[PDB]
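Asks: Below is a structure I'd like to ask you about.
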Amino acid sequence: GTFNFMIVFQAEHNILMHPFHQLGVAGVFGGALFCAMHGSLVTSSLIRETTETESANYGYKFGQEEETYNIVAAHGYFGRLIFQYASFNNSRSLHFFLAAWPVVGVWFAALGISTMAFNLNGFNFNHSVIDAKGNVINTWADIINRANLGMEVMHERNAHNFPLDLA
Amino acid sequence: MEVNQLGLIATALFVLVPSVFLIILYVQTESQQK
Amino acid sequence: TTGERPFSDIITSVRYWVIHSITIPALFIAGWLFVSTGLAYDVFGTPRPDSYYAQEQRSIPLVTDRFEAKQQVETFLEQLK
Amino acid sequence: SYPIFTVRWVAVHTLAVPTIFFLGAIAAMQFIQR
Amino acid sequence: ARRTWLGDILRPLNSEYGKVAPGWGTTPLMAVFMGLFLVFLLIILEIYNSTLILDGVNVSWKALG
Amino acid sequence: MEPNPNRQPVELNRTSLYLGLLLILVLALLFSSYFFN
Amino acid sequence: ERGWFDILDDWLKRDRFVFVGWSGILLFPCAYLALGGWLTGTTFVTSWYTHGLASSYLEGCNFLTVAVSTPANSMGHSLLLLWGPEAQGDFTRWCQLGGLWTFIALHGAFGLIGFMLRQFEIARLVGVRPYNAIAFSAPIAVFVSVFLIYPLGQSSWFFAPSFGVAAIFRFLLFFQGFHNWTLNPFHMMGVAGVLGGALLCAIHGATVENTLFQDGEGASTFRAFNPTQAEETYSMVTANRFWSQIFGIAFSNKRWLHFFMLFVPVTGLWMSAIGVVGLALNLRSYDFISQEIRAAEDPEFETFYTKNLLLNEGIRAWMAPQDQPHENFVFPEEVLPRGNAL
Amino acid sequence: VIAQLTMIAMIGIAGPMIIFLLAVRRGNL
Amino acid sequence: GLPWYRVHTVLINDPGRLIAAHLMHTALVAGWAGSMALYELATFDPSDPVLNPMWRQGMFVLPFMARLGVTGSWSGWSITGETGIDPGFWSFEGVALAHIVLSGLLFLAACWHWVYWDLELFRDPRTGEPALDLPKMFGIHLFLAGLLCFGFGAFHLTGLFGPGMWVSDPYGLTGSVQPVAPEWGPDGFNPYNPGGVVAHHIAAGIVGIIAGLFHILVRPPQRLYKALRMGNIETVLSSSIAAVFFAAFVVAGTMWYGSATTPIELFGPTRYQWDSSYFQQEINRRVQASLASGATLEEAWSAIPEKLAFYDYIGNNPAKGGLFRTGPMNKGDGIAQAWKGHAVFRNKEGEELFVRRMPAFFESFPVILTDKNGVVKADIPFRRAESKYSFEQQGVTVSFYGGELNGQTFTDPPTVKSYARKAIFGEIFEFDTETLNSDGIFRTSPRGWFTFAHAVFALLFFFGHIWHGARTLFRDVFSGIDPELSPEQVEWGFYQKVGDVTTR
Amino acid sequence: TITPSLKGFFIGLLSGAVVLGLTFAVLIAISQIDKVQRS
Amino acid sequence: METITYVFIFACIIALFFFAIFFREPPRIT
Amino acid sequence: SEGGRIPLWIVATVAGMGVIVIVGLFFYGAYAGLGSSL
Ligand code: CLA
Ligand code: CLA
Ligand code: CLA
Ligand code: CLA
Ligand code: CLA
Ligand SMILES: CC(C)=CCC/C(C)=C/CC/C(C)=C/CC/C(C)=C/CC/C(C)=C/CC/C(C)=C/CC/C(C)=C/CC/C(C)=C/CC/C(C)=C/CC1=CC(=O)C(C)=C(C)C1=O
Ligand SMILES: CCCCCCCCCCCCCCCC(=O)OC[C@H](COP(=O)(O)OC[C@@H](O)CO)OC(=O)CCCCCCCCCCCCCCC
Ligand SMILES: CC1=C(/C=C/C(C)=C/C=C/C(C)=C/C=C/C=C(C)/C=C/C=C(C)/C=C/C2=C(C)CCCC2(C)C)C(C)(C)CCC1
Ligand SMILES: CC1=C(/C=C/C(C)=C/C=C/C(C)=C/C=C/C=C(C)/C=C/C=C(C)/C=C/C2=C(C)CCCC2(C)C)C(C)(C)CCC1
Ligand code: OEX
Ligand SMILES: [Ca+2]
Ligand SMILES: [Ca+2]
Ligand SMILES: [Cl-]
Ligand SMILES: [Fe+2]
Ligand SMILES: [Mg+2]
């Protein structure tokens, strides 16, 4: 039913072509990226506290005062992976970024749904490209449009008596 | 409904076998000396 | 720091801007002329607005043969009279 | 006091030079009429 | 550790742990063979892909009969 | 026989048990529909 | 030992603004070419001859609709090398045949290889464990499954995603209508891993930021941290109690927490990659057979599943003629599936 | 069209001009 | 203690118990091969190689036995459809039994090596510590592999001392096991040329022998020994895993595209043969040759072998299946019984109409008929109210040539429509849907399942490779980084060369 | 015989060898000119 | 039988929630 | 030559305004000529 809602939404608002949904996608893809990234760097710089025959997780004790990884080494790595100033040396700034990116992005996803709720819809570049005579030159937007058309005409096949789906 | 008649055993063993593996490991962990 | 000159030093210096008030506009203008002269179309083989279809044609010039694809494209272009 | 032509300089210009060229191209493109 | 007849027989074959040739040794020859192997793989790949088309080499079910 | 010195004890703590059972049960809830088809 | 190899090694591994390394020799040209190829194509290059599409700023497309599009279906899985038998060294014709697509895909792939190797190399030099590269295996599994394996299982590169915003959206809607890809449990695990990863990211960031120790007098709390400080900047104990009382469970082990933060999105993406591998062969989760048998016998039997299949059928019939121009589809008005009125 | 770009040119520059003038004169920024 | 996911690391410094574990694994795999062969023999119907071959029956190991020359059963039948053949011991049953016995012997050997793990052989004579000289083991094993490969190519595949391999015509109509001579020219690298497989095994065999001798006789360079951590078995694990995912992607590819080692009579046709209407083209060629020589249409189509017509049917396209659509292809469309014949559609004016075929992409597809120039002449409308091309309006009829319906014509719109619906799948067949309670939904073939499983496993083994390479190269820090790590080793510019303390 | 596509293959091979060759030549040269200070 | 299976698995998951919350290994400061 | 002569806030303000101008042009171009749908 979730998928139904999504497909119909695409048909009726062309949500994929809406910048708030794109920000949503940046939000969750980005959220996952930074989650995996952060996970990987912190895991990468754990201080040796264990032997090879035991889990490294036992190297950390709940409530200990000392940090369990070396952030300076982590930053040293990631700063060389890209370049120094593209890396966080401040754990607080880093975690704030970690909080903010997915939260803000997902806020935009939500506002996307909530404004398409009032039919301010995705970008419409249907027949935006025209040749010198006036022939329509399709772009990927128009193929999207054809898919959207399939969705529009098929959904709720018995619910419509009149030609326009106005809500 | 005309479901796959092996779906039941497939699901049941899918749950039970690794769950049992984990319970074996946990329980034999608990019984080790403190 | 890694030994290179700080960016803020460079981009707040007079010499940088002496160089780049020349080099940047020159590049921008070169790109501009790359399009406005129509050279881009020729280099990349992109249709001009008057070159997508022959006058009465409504069929896409789709490539349908792998190894004679070059010739196919040339024929499509020839048919634009 | 500081070198000018470094690896960093090269990296920067491999991106920046074409970027400005392309932006000029696209800017020119905004005035094309069918 | 336990000695056995066959263990005694095979002993020399597992007695040189850690033994190395000095410096770079045969690394360059190896490198040559790697380059040649890369080229070989490139050849058979481009043949299969029909980017490399050779006389008498019809890459098809209809290769012969 | 003389004992093998490479032997190590194995452990699964309770949190790991719970995590594993969650993984397995949720995977089963997901795939079961497809197994029944 | 101080031969040329070691001297080269010395220079390559110099601590500079942009680290190079042995991995740089693979990474930088391939990445540069992939990105440059994308920008070049999206700016100047058409898809008229391959797709019957405009795809460049030059043609009037915008950032959302520009793409470097896949080759014509008739190209099959040709490497489409500039010097290959298709383009025969002609760069213009090469562009017109979709050569930039394979150009970008392949330089992209070797570039990703270069980047992961870079992660290993730097991890080794700095003396950290190589979990960043391991985590990076997931993006690679996705790229390889989707841009390479998938079209390789299909008729041609044509059905791979085209490198473009709208084109990628088209790829999504194609997968819904043709593969019913949402119904696929590997995709579902992908979704769970992505959204779960974003959840973990957000919740962890917020938890740290809201259990900070007061280490300064400032009301803006970022300066009250020092990279070299030994102490935890936030309270694990308080965080743990908070979530235990709020949610019922809580992390108590930071190492576990962060490994879990690695595990979840990487595993998700990997599962999705497996599903796409299935789709390469059209080995879909399209249907529930029991559902179809019931619905076939009982025209009053309806679920959201059957509704979604109606949607899929619409997508296919309405989009196929323009989306797949090589098939020469002609679908008469009368065969097009439509409900009442619309 | 030329008039509109001229207007937004003067209006657009006004602010940075305020800031520039104050910075040059060691004003109370 | 050890986490659950590390239990097997106890074998790392225990060569004897590692050998025991490998023996057990091998025993499991061989036991699998035996039991799989037995289950397939317990389910395989050998009575119809034409329309019910192994690949229609969900047979997986059977085609591999067939591929290398095992084609008969002790019970007297052969997969080529012969009767009263004596396959000797090496029937499918004999192969299965051999694998079961092998499994048992490997189990016992595993027990012996597990108990008697502490052999002097596994001890470095200088340190008394457990040690394996992996470079030399590599030489020995590479040499053995070389010998086995060479022998496989030169004797088995050539038929010089062995059965040969499965070979067929380009349309998979007359396949059988034949000896194959090596192709030493460039066509040897043509995947569809079997002689290339033979020459491959002979040449690569010899090369393996030579390189093996080299690796026995020549020690690693110190620089490579150190760089690749050749004292650490996990490096061997890492590189072996890389080689294995490489090989797996290759066999997945050759299965999907087809090659001399993935014949259509054993694994089913490829999706691409449907895509390019390969069999339709051959069928049309043969019919045209028949008509040119004076045959009637009925005679021309009746001369088409049922097997060839059967290849020209989308139900055998391996890209029409489903991930959870389980079992043999027969469980879907049914057990094929007979070709109905070639359907020819005509309108009231008598023009031949052609049903537009379903592409593999489409789970469902409309029914559209065009004339020879692709102009639409008839269809099955969705909406009727403005229909202009209905079979009823266009008076569409269908006449059959060849097969069961040879000579028959149907004019009543329901029936003509029904056959057009079947015509979207290509040639039309009668199925037994009752025997297996077939549900009418397409399933993939062993080609598809093999391809899927191997692409997936290959991709996962990419991860295995990455992980063990990581563990190998970073062994020193995998319990964590140096607790005494100096901030200056990671602060920029302190060293001129990253990580090198001698460059302060 | 050398088909056009075999000639193409050779052209590609040469182009790759040239790119990699010039790259390694240049990097080696630079490495020799700009040595790290030790001791 | 399918429904029984689905509801069973769900119920097992909820019970698991119960044990994972109220009968977890307690976090201890060392 | 000397670093600091031209203040960074001016460099930032001018560069930023340049970016606004070029992007603005691209948006104008969305409504005129090719891609305008007209
Ligand atoms: C290391 C960086 C790198 C890498 C990995 C690649 C990789 C790739 N690029 Mg290249 N590319 C690069 C840098 C790189 N590029 C650069 C810097 C440029 C700018 C000049 C280009 C420009 C470029 C173009 C224009 C194109 C490619 C393409 C290709 C692909 C095919 C290459 C090939 O067939 O080589 C074959 C050659 C080798 C593998 C070298 C072999 C070396 C051996 C070991 C030595 C033997 C040679 C011997 C001395 C010669 C004797 C022969 C004699 C008998 C006649 C390939 C995916 C093509 C592509 O993408 O098409 C879709 C393509 O068209 N690239
Ligand atoms: C290379 C592996 C392989 C392949 C390609 C095949 C292929 C074939 N098998 Mg064989 N089979 C295999 C291994 C394989 N089998 C093994 C190891 C066994 C022993 C158990 C069997 C036992 C077997 C039997 C008994 C039979 C077959 C049959 C068949 C055929 C039907 C295939 C089918 O319906 O699959 C369906 C495939 C699926 C439904 C896909 C399963 C996907 C799993 C469930 C995914 C699991 C996800 C995982 C839990 C996620 C973890 C996430 C975590 C990491 C976070 C087919 C030709 C049948 C046939 O027709 O025989 C005549 C038949 O009766 N097979
Ligand atoms: C003792 C000898 C022996 C023999 C004669 C056979 C013979 C048979 N077995 Mg096998 N089998 C054996 C041992 C043997 N088996 C063992 C010990 C095992 C347990 C691992 C198995 C497990 C097994 C299985 C699981 C299966 C078979 C099957 C079969 C049959 C097809 C074989 C085939 O397709 O392989 C193909 C083999 C290859 C393609 C080998 C690839 C070699 C790689 C690429 C080597 C790479 C490393 C090398 C060092 C590289 C350097 C090379 C150098 C020369 C340059 C066949 C009847 C199949 C069958 O149909 O079952 C009923 C089947 O499914 N067997
Ligand atoms: C030749 C193949 C091979 C081999 C010999 C190893 C060997 C080893 N790996 Mg593994 N590994 C491999 C492939 C291989 N790996 C691959 C392909 C992957 C990617 C998926 C991994 C990923 C991996 C990881 C992530 C890790 C290892 C580790 C380990 C070591 C301990 C394994 C253990 O104790 O598990 C015990 C396993 C169990 C108690 C149950 C596992 C149940 C599985 C998940 C499901 C059922 C599997 C089924 C029975 C197998 C069917 C066969 C299949 C081929 C179709 C061990 C040295 C670990 C390590 O290095 O320790 C320090 C470790 O962390 N490996
Ligand atoms: C993302 C991909 C990736 C990554 C990150 C690694 C990383 C790792 N691998 Mg490698 N490996 C890979 C893919 C990858 N591998 C592949 C596909 C294979 C093929 C089987 C191997 C085979 C392999 C082996 C055999 C070994 C490793 C080892 C290792 C480790 C040491 C680094 C190394 O050897 O790099 C190797 C270098 C590369 C992967 C770069 C290759 C660049 C090629 C030559 C460019 C070719 C251009 C091409 C010719 C252009 C034409 C294209 C054509 C389509 C037209 C390390 C853990 C070693 C190890 O684990 O030591 C402990 C080891 O022994 N790997
Ligand atoms: C054949 C040829 C000739 C070979 C010659 C090779 C020769 C040697 C090359 C030398 C010259 C070379 C330099 C020329 C370059 C050519 C050209 C420029 C190549 C371009 C290639 C490529 C396309 C560039 C892409 C640009 C770049 C990679 C984009 C991605 C980077 C991205 C934008 C970073 C910003 C995002 C930022 C917010 C990330 C932080 C969030 C996340 C990581 C938090 C996690 C985290 C962070 C921490 O910070 C720490 C601490 C911890 C704990 C932690 O959890
Ligand atoms: C054919 C024969 C087949 C027989 C084989 C039997 C198969 C056995 C399979 C064993 C797997 C058990 C899983 C271990 C589970 C477990 O023990 O994890 C906890 C574990 C922690 O290990 P530690 O390093 O902390 O050491 C503690 C030790 O006690 C563990 O042994 O982490 C891992 O094992 C890595 C995998 C993480 C898995 C996390 C997934 C759970 C999250 C929830 C997912 C579902 C909900 C999602 C909602 C959207
Ligand atoms: C492919 C080719 C290759 C190479 C070439 C290349 C590599 C080039 C480069 C070039 C490139 C490299 C391009 C340039 C660029 C960029 C541009 C096109 C621009 C842009 C962007 C933008 C427009 C900005 C804006 C926005 C955002 C993004 C950010 C912030 C916000 C804003 C709004 C500002 C060769 C020749 C070898 C061969 C053949 C082919
Ligand atoms: C000892 C004794 C005896 C006997 C032995 C035997 C009785 C035999 C056997 C063998 C056997 C009878 C056992 C076995 C094998 C089996 C296995 C090893 C299999 C496995 C399974 C798998 C692994 C699969 C997985 C999964 C699932 C299940 C499904 C889907 C997915 C997959 C496929 C992944 C004799 C007389 C010889 C003598 C000597 C001694
Ligand atoms: O209800 Mn659920 O979806 Ca919103 O649009 Mn109108 O209504 Mn019905 O159609 Mn389309
Ligand atoms: Ca005009
Ligand atoms: Ca029935
Ligand atoms: Cl609906
Ligand atoms: Fe953190
Ligand atoms: Mg415009």
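Order determines the names: the first chain of the structure tokens is A, the second B, and so forth; residues in each chain are numbered 1 upward, and ligands are numbered 1 upward as they are shown.
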Name the residues, by chain letter and number, that sit within 7 Å of ligand 15 using only C-alpha atoms and all ligand atoms, and give them as a PyMOL selection string.

Replies: (chain D and resi 29-33) or (chain G and resi 60) or (chain L and resi 29-36)

Asks: Compute the set of protein, DNA and RNA residues whose minimum atom distance to ligand 12 is at most 8 Å, using only C-alpha atoms and all ligand atoms, and state it as an MDAnalysis selection string.

Replies: chainID I and resid 433:434 437:439

Asks: One decimal, Å: what's the distance from CA of residue 11 in chain F over to atom 55 (C, counted along the ligand's line) of ligand 4, could you say?

Replies: 24.9 Å

Asks: Among chain F, which residues carry a DSSP assignment of helix (DSSP H, G or I), reported as a list in words?

Replies: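 Residues of chain F classed as helix (DSSP H, G or I): residues 14, 15, 16, 17, 18, 19, 20, 21, 22, 23, 24, 25, 26, 27, 28, 29, 30, 31, 32, 33, 34, 35 and 36 of chain F.
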
Asks: Determine, for each residue of chain C having at least one atom at most 7 Å from an atom of chain A, the closest pair of atoms and their separation in Å to one decimal, counting only C-alpha atoms; order by chain and ascending number, as CSV.

Replies:
```
residue,atom,partner,partner_atom,distance
C:49,CA,A:131,CA,4.2
C:50,CA,A:132,CA,4.5
C:52,CA,A:131,CA,6.5
```

Asks: Output the selection as a PDB file, in the first residue's frame - N, CA, C and O atoms for each residue.

Replies:
```pdb
ATOM      1  N   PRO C  49      18.884  23.518 -33.454  1.00  0.00           N
ATOM      2  CA  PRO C  49      17.420  23.483 -33.421  1.00  0.00           C
ATOM      3  C   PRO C  49      16.806  23.192 -34.795  1.00  0.00           C
ATOM      4  O   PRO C  49      15.703  22.676 -34.867  1.00  0.00           O
ATOM      5  N   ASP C  50      17.491  23.534 -35.877  1.00  0.00           N
ATOM      6  CA  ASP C  50      16.949  23.233 -37.197  1.00  0.00           C
ATOM      7  C   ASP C  50      17.425  21.911 -37.801  1.00  0.00           C
ATOM      8  O   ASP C  50      17.176  21.645 -38.976  1.00  0.00           O
ATOM      9  N   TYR C  52      17.204  18.629 -36.089  1.00  0.00           N
ATOM     10  CA  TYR C  52      16.671  17.413 -35.474  1.00  0.00           C
ATOM     11  C   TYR C  52      15.892  16.531 -36.443  1.00  0.00           C
ATOM     12  O   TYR C  52      15.964  15.304 -36.391  1.00  0.00           O
TER      13      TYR C  52
END
```

Asks: Any residue with an atom at most 12 Å from ligand 13 counts, using only C-alpha atoms and all ligand atoms. Which are they? Put them as a ChimeraX atom specification.

Replies: /A:1-12,150-160 /G:302-314,338-339

Asks: Just write the chosen residues, N, CA and C atoms, as a compact mmCIF listing (two decimals), in the first residue's frame.

Replies:
```
# COMPACT_ATOMS: atom_id res chain seq x y z
N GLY A 1 0.83 -1.19 0.00
CA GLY A 1 0.00 0.00 0.00
C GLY A 1 0.86 1.25 0.00
N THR A 2 2.01 1.15 0.68
CA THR A 2 3.01 2.20 0.69
C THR A 2 3.49 2.43 -0.73
N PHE A 3 3.81 1.33 -1.41
CA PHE A 3 4.25 1.47 -2.79
C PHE A 3 3.17 2.09 -3.70
N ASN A 4 1.92 1.71 -3.48
CA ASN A 4 0.80 2.31 -4.20
C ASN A 4 0.74 3.81 -4.03
N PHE A 5 0.77 4.23 -2.77
CA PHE A 5 0.85 5.64 -2.44
C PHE A 5 2.01 6.32 -3.18
N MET A 6 3.18 5.69 -3.20
CA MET A 6 4.33 6.31 -3.87
C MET A 6 4.13 6.47 -5.38
N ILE A 7 3.63 5.42 -6.03
CA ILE A 7 3.47 5.41 -7.48
C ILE A 7 2.42 6.43 -7.90
N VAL A 8 1.31 6.43 -7.19
CA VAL A 8 0.26 7.40 -7.45
C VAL A 8 0.74 8.82 -7.21
N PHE A 9 1.52 9.02 -6.15
CA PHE A 9 2.10 10.33 -5.88
C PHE A 9 2.98 10.80 -7.03
N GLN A 10 3.81 9.90 -7.55
CA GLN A 10 4.63 10.21 -8.72
C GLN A 10 3.78 10.62 -9.91
N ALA A 11 2.71 9.86 -10.13
CA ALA A 11 1.80 10.15 -11.23
C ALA A 11 1.20 11.53 -11.13
N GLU A 12 0.84 11.93 -9.91
CA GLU A 12 0.04 13.12 -9.71
C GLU A 12 0.81 14.40 -9.39
N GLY A 150 1.29 6.51 -17.78
CA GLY A 150 0.85 5.15 -17.51
C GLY A 150 0.24 5.01 -16.12
N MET A 151 0.96 5.57 -15.16
CA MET A 151 0.48 5.57 -13.78
C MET A 151 -0.86 6.29 -13.66
N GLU A 152 -0.94 7.50 -14.21
CA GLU A 152 -2.12 8.33 -14.11
C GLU A 152 -3.32 7.58 -14.67
N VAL A 153 -3.20 7.07 -15.89
CA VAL A 153 -4.36 6.48 -16.55
C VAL A 153 -4.77 5.17 -15.89
N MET A 154 -3.85 4.48 -15.21
CA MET A 154 -4.23 3.14 -14.73
C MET A 154 -4.74 3.11 -13.29
N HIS A 155 -4.28 4.04 -12.47
CA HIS A 155 -4.63 4.03 -11.06
C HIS A 155 -6.12 4.23 -10.85
N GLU A 156 -6.66 3.49 -9.89
CA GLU A 156 -8.06 3.58 -9.52
C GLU A 156 -8.96 3.62 -10.74
N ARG A 157 -8.84 2.54 -11.50
CA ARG A 157 -9.38 2.39 -12.83
C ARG A 157 -10.90 2.56 -12.91
N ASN A 158 -11.56 2.53 -11.77
CA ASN A 158 -13.01 2.68 -11.74
C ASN A 158 -13.51 3.93 -11.03
N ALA A 159 -12.60 4.78 -10.60
CA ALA A 159 -13.00 5.90 -9.75
C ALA A 159 -13.35 7.17 -10.51
N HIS A 160 -12.85 7.31 -11.74
CA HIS A 160 -13.04 8.54 -12.50
C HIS A 160 -14.12 8.52 -13.58
N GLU G 302 -9.30 -8.08 -4.18
CA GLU G 302 -8.38 -6.99 -4.48
C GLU G 302 -7.49 -6.63 -3.30
N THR G 303 -6.21 -6.47 -3.58
CA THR G 303 -5.25 -6.02 -2.57
C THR G 303 -4.47 -4.86 -3.18
N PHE G 304 -3.66 -4.19 -2.36
CA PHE G 304 -2.80 -3.12 -2.86
C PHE G 304 -1.77 -3.66 -3.84
N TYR G 305 -1.44 -4.94 -3.68
CA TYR G 305 -0.55 -5.63 -4.60
C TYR G 305 -1.10 -5.67 -6.03
N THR G 306 -2.35 -6.10 -6.18
CA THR G 306 -2.98 -6.11 -7.50
C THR G 306 -3.14 -4.71 -8.11
N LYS G 307 -3.41 -3.73 -7.25
CA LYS G 307 -3.54 -2.35 -7.68
C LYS G 307 -2.19 -1.89 -8.23
N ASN G 308 -1.13 -2.28 -7.54
CA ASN G 308 0.20 -1.87 -7.96
C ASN G 308 0.57 -2.52 -9.28
N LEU G 309 0.11 -3.74 -9.49
CA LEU G 309 0.38 -4.37 -10.77
C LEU G 309 -0.35 -3.64 -11.90
N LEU G 310 -1.56 -3.15 -11.63
CA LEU G 310 -2.26 -2.33 -12.63
C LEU G 310 -1.43 -1.08 -12.97
N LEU G 311 -0.87 -0.47 -11.93
CA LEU G 311 0.00 0.68 -12.14
C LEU G 311 1.22 0.33 -13.00
N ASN G 312 1.84 -0.81 -12.70
CA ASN G 312 2.98 -1.29 -13.47
C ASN G 312 2.66 -1.49 -14.94
N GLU G 313 1.49 -2.08 -15.20
CA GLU G 313 1.03 -2.34 -16.56
C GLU G 313 0.82 -1.04 -17.34
N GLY G 314 0.30 -0.03 -16.64
CA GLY G 314 0.17 1.28 -17.24
C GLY G 314 1.50 1.88 -17.60
N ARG G 338 -6.29 1.81 -19.80
CA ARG G 338 -6.77 3.01 -19.13
C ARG G 338 -7.99 2.69 -18.29
N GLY G 339 -8.12 3.35 -17.15
CA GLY G 339 -9.36 3.26 -16.41
C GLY G 339 -10.40 4.16 -17.03
```

Asks: Residues within 12 Å of residue 19 in chain K, please, as a count of residues only. Count only C-alpha atoms; anything in the same chain fewer than 2 positions from it doesn't count.

Replies: 20

Asks: Which residues come within 12 Å of residue 29 in chain K, counting only C-alpha atoms, excluding same-chain residues fewer than 4 positions away, as a tab-separated table (two decimals) with N, CA, C and O atoms, in the first residue's frame?

Replies:
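New file around12.tsv:
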```tsv
chain	number	residue	atom	x	y	z
A	60	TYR	N	36.39	-1.24	25.21
A	60	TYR	CA	35.67	-0.13	25.82
A	60	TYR	C	34.80	-0.60	26.97
A	60	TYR	O	34.10	-1.60	26.86
A	61	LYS	N	34.86	0.12	28.08
A	61	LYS	CA	34.07	-0.18	29.27
A	61	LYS	C	33.04	0.94	29.45
A	61	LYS	O	33.40	2.11	29.45
A	62	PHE	N	31.77	0.57	29.61
A	62	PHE	CA	30.70	1.54	29.79
A	62	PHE	C	30.97	2.59	30.86
A	62	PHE	O	31.28	2.27	32.00
A	63	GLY	N	30.85	3.85	30.45
A	63	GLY	CA	31.03	4.96	31.37
A	63	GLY	C	32.45	5.44	31.60
A	63	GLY	O	32.67	6.36	32.38
A	64	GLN	N	33.42	4.82	30.92
A	64	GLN	CA	34.81	5.26	31.07
A	64	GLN	C	34.96	6.72	30.64
A	64	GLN	O	34.24	7.21	29.77
A	65	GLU	N	35.89	7.41	31.28
A	65	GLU	CA	36.11	8.83	31.03
A	65	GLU	C	36.91	9.08	29.76
A	65	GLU	O	36.63	10.04	29.03
G	236	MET	N	28.16	9.31	27.98
G	236	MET	CA	27.60	8.03	27.61
G	236	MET	C	26.59	7.51	28.62
G	236	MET	O	25.58	6.92	28.24
G	237	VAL	N	26.86	7.71	29.90
G	237	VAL	CA	26.00	7.21	30.97
G	237	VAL	C	24.61	7.85	30.95
G	237	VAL	O	23.58	7.16	31.05
G	238	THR	N	24.60	9.17	30.79
G	238	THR	CA	23.35	9.93	30.76
G	238	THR	C	22.57	9.62	29.49
G	238	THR	O	21.35	9.48	29.51
G	240	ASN	N	22.75	6.84	27.78
G	240	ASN	CA	22.25	5.49	27.96
G	240	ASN	C	21.00	5.46	28.82
G	240	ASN	O	20.04	4.78	28.47
G	252	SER	N	25.39	0.97	25.27
G	252	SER	CA	26.20	1.10	26.47
G	252	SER	C	27.66	0.99	26.06
G	252	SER	O	28.56	1.30	26.84
G	253	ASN	N	27.88	0.55	24.83
G	253	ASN	CA	29.22	0.35	24.31
G	253	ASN	C	29.44	1.20	23.06
G	253	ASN	O	28.80	0.97	22.03
```

Asks: Enumerate as a ChimeraX atom specification the residues within 7 Å of ligand 6, counting only C-alpha atoms and all ligand atoms.

Replies: /A:34,37-39,41-42,71-72,74-75,78-79,82,86-89,94,98 /D:7-8,10-12,14-15 /G:18,20,24-26,28-29,31-32,35 /J:19-20,23,27

Asks: Find the residues near ligand 8. Use a cut-off of 9 Å, count only C-alpha atoms and all ligand atoms, and write them as a count of residues only.

Replies: 42

Asks: Find the spatial neighbours of range 56-66 of chain C, counting only C-alpha atoms, within a cut-off of 6 Å - ignore same-chain residues fewer than 6 positions away - and output them as an MDAnalysis selection string.

Replies: chainID G and resid 49:50 52 74:75

Asks: Give me the residues within 9 Å of residue 35 in chain A as a PyMOL selection string, counting only C-alpha atoms and dropping any in the same chain fewer than 5 places off.

Replies: (chain A and resi 30+40+98) or (chain G and resi 197-202+258+261-262+264-265)

Asks: Pull out every residue of chain I that has at least one atom within 7 Å of chain E, counting only C-alpha atoms, and report them as a list in words.

Replies: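 Filtering chain I at 7 Å from chain E with only C-alpha atoms gives residues 118, 119, 120, 121, 124, 125, 131, 132, 133, 169, 170, 186, 187, 189, 190, 191, 192, 193, 219, 220, 221, 222, 223, 225 and 231 of chain I.
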